[PDB]
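Asker: One structure, as structure tokens, below. Some questions next.
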Amino acid sequence: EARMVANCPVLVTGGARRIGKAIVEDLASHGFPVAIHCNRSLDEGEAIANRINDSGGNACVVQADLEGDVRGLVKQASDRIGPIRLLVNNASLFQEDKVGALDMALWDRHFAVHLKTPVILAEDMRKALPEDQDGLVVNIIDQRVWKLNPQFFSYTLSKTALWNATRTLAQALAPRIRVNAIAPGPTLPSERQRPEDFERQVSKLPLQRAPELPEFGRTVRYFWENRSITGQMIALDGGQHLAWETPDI
Ligand SMILES: NC(=O)c1ccc[n+]([C@@H]2O[C@H](COP(=O)([O-])OP(=O)(O)OC[C@H]3O[C@@H](n4cnc5c(N)ncnc54)[C@H](OP(=O)(O)O)[C@@H]3O)[C@@H](O)[C@H]2O)c1
């Protein structure tokens with residue numbers, strides 16, 4: 001076989017900032033060729049790619065709107081670094097809505113970025129990946145799919161759908177492509193979160209600590225390195241999904 005990292009081109013969606021960037025830089029530093037997909041963060045993406053290449057790694061930037069036609073995205077990437085073998089579906093939209101005031105326009109976007117696009121890209125990767133190569137899809141989801149609540153209604157349904165799809169994609173794409181997932185908990189402040197709000201939330205986690213950014217790339221590599229694993233998720237969440245103390249107790 002030939003599963004050495006130099007022969008495992010990676011596509012990370014929304015890879016130019018924050019968690020996506022941490023994954024990109026971890027994989028690139030371990031010798032994976034990496035395609036950094038981005039949209040609004042082109043400047044950042046190019047900077048990351050330049051640094052990797054100057055350090056002797058292998059990186060490129062691809063640009064696409066994951067709510068438009070994404071049927072060309074895998075090919076943009078493979079044209080640069082070779083057939084995509086490891087797909088990280090990291091890109092996301094995290095907007096609040098609730099029952100009683102649902103806007104089907106925002107609903108549609110959530111399902112576009114978290115469900116439609118990841119499935120389409122997994123489909124496209126499979127079609128283009130040579131038959132003598134095994135592949136891996138890692139979906140970046142959200143710990144809340146393991147502890148359902150009514151907040152962020154359409155967001156939550158779209159992320160939970162991605163977790164459901166992690167199972168059914170794993171079943172559909174086996175044996176050649178494995179599909180696993182990471183469910184982050186509080187990792188970086190969520191735009192609507194001030195630092196104090198983030199720190200307080202973390203202090204309330206069962207483990208009282210946030211996942212460290214290196215854990216994300218380590219987990220992608222863990223899935224890559226242990227070939228008996230498919231259809232499964234690790235919550236890098238400080239135990240958030242196991243929180244249990246509700247007012248009724
Ligand atoms: N941060 C946390 O603590 C946390 C907690 C739970 C779950 N998660 C999940 O972990 C993953 C990473 O978190 P994050 O906070 O780092 O994500 P993010 O910053 O909110 O966004 C990541 C990327 O998604 C891309 N994106 C969104 N819509 C796009 C579109 N139509 N077309 C192309 N790109 C689009 C963007 O790329 P461009 O910027 O280039 O446009 C954006 O940079 C996400 O899936 C998130 O849902 C994170």
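How things are named: the first chain in the structure tokens is A, the next is B, and so on; residues count from 1 in each chain; ligands count from 1 in the order shown.
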Write out as a PyMOL selection string each polymer residue (protein, DNA or RNA) that has an atom no more than 9 Å from ligand 1, with only C-alpha atoms and all ligand atoms counted.

Answerer: chain A and resi 13-22+37-45+63-68+70+89-94+109-110+112-114+139-144+155+159+182-191+210-211+237

Asker: Quick one: residues within 6 Å of segment 194-209 of chain A, only C-alpha atoms counted, chain neighbours fewer than 3 positions away excluded, as a ChimeraX atom specification?

Answerer: /A:189,238-240

Asker: When distances are computed from only C-alpha atoms, which of A:77, A:145, A:87, A:137 shows the smallest separation from residue 160 of chain A?

Answerer: A:145

Asker: Counting only C-alpha atoms, which residue out of A:174, A:242, A:12, A:36 sits closest to residue 147 of chain A?

Answerer: A:242

Asker: If we count only C-alpha atoms, what is near residue 176 of chain A at a cut-off of 7 Å, once residues fewer than 2 positions away on the same chain are taken out, given as a list in words?

Answerer: residues 134, 135, 173, 174 and 178 of chain A

Asker: Could the residues in this selection be written to a file with N, CA and C atoms, as a compact mmCIF listing (two decimals), in the first residue's frame?

Answerer:
# COMPACT_ATOMS: atom_id res chain seq x y z
N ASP A 134 -7.48 4.27 -0.12
CA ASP A 134 -8.54 4.41 0.86
C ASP A 134 -8.63 5.88 1.25
N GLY A 135 -9.76 6.30 1.78
CA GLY A 135 -9.95 7.69 2.11
C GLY A 135 -10.62 7.89 3.45
N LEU A 173 -20.23 4.48 2.25
CA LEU A 173 -18.92 4.61 1.59
C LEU A 173 -17.91 3.53 1.99
N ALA A 174 -18.24 2.75 3.02
CA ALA A 174 -17.45 1.58 3.37
C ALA A 174 -17.41 0.61 2.19
N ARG A 178 -13.75 5.90 5.01
CA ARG A 178 -14.26 5.93 6.36
C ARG A 178 -14.77 7.33 6.64

Asker: Excluding residue 81 of chain A and its own-chain neighbours fewer than 3 positions away, which residues fall within 7 Å of it when counting only C-alpha atoms? Please give them as a ChimeraX atom specification.

Answerer: /A:9,33,77-78

Asker: How would the residues just chosen look if you wrote them out with N, CA, C and O atoms as a PDB file, in the first residue's frame?

Answerer:
ATOM      1  N   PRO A   9      -3.373  13.773   0.231  1.00  0.00           N
ATOM      2  CA  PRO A   9      -3.783  15.176   0.114  1.00  0.00           C
ATOM      3  C   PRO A   9      -5.045  15.468   0.918  1.00  0.00           C
ATOM      4  O   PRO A   9      -6.002  14.695   0.892  1.00  0.00           O
ATOM      5  N   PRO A  33       0.056  16.998   2.315  1.00  0.00           N
ATOM      6  CA  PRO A  33      -0.267  18.130   1.436  1.00  0.00           C
ATOM      7  C   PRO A  33      -1.638  18.673   1.814  1.00  0.00           C
ATOM      8  O   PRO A  33      -2.545  17.878   2.054  1.00  0.00           O
ATOM      9  N   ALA A  77      -8.965  21.773  -5.782  1.00  0.00           N
ATOM     10  CA  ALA A  77      -7.959  21.332  -4.826  1.00  0.00           C
ATOM     11  C   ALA A  77      -7.045  20.282  -5.437  1.00  0.00           C
ATOM     12  O   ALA A  77      -5.823  20.412  -5.376  1.00  0.00           O
ATOM     13  N   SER A  78      -7.630  19.251  -6.042  1.00  0.00           N
ATOM     14  CA  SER A  78      -6.842  18.134  -6.561  1.00  0.00           C
ATOM     15  C   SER A  78      -5.953  18.552  -7.726  1.00  0.00           C
ATOM     16  O   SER A  78      -4.885  17.975  -7.930  1.00  0.00           O
TER      17      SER A  78
END

Asker: Using DSSP secondary structure from the backbone, list all strand (DSSP E) positions within segment 8-241 of chain A, as a PyMOL selection string.

Answerer: chain A and resi 10-12+34-38+59-63+86-89+135-140+177-184+233-236

Asker: Just checking: using only C-alpha atoms, which residue out of A:226, A:232, A:154, A:133 ends up closest to residue 167 of chain A?

Answerer: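 Of A:226, A:232, A:154, A:133, the one nearest residue 167 of chain A, counting only C-alpha atoms, is A:232.
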
Asker: Using only C-alpha atoms, find the one residue out of A:236, A:177, A:153, A:101 that sits nearest to residue 126 of chain A.

Answerer: A:177

Asker: Would you please extract all helix (DSSP H, G or I) residues from segment 41-239 of chain A, as assigned by DSSP on the backbone, and give them as a PyMOL selection string?

Answerer: chain A and resi 42-54+73-81+104-128+143-146+153-173+195-203+214-225

Asker: Identify which of the residues A:29, A:111, A:234, A:74 lies closest to residue 222 of chain A, counting only C-alpha atoms when measuring atom-to-atom distances.

Answerer: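 Using only C-alpha atoms, residue 222 of chain A sits closest to A:234.
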
Asker: If we count only C-alpha atoms and set the cut-off at 9 Å, which residues sit around residue 224 of chain A, ignoring sequence neighbours fewer than 3 positions away in its own chain? Please answer as a list in words.

Answerer: residues 86, 135, 136, 219, 220, 221, 227 and 229 of chain A

Asker: Any chance you can output those residues with C-alpha atoms as a PDB file, in the first residue's frame?

Answerer:
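Printed below is again_11.pdb as written:
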ATOM      1  CA  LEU A  86      -8.748  13.239   3.517  1.00  0.00           C
ATOM      2  CA  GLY A 135      -9.955   7.694   2.112  1.00  0.00           C
ATOM      3  CA  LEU A 136     -11.252   9.474   5.181  1.00  0.00           C
ATOM      4  CA  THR A 219      -7.804  13.587  16.357  1.00  0.00           C
ATOM      5  CA  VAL A 220      -7.848  13.829  12.550  1.00  0.00           C
ATOM      6  CA  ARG A 221      -4.513  11.970  12.539  1.00  0.00           C
ATOM      7  CA  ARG A 227      -8.103   1.918  10.120  1.00  0.00           C
ATOM      8  CA  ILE A 229     -12.710   3.130  12.908  1.00  0.00           C
TER       9      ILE A 229
END

Asker: Looking at only C-alpha atoms, which of A:228, A:244, A:235, A:165 is the one that sits closest to residue 215 of chain A?

Answerer: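 The answer is A:235, which sits nearest to residue 215 of chain A.
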
Asker: When you look at residue 115 of chain A with a cut-off of 7 Å (counting only C-alpha atoms), what residues show up, excluding the ones that are within fewer than 5 positions of it in the same chain? I need them as an NGL selection string.

Answerer: :A and (158 or 161-162)
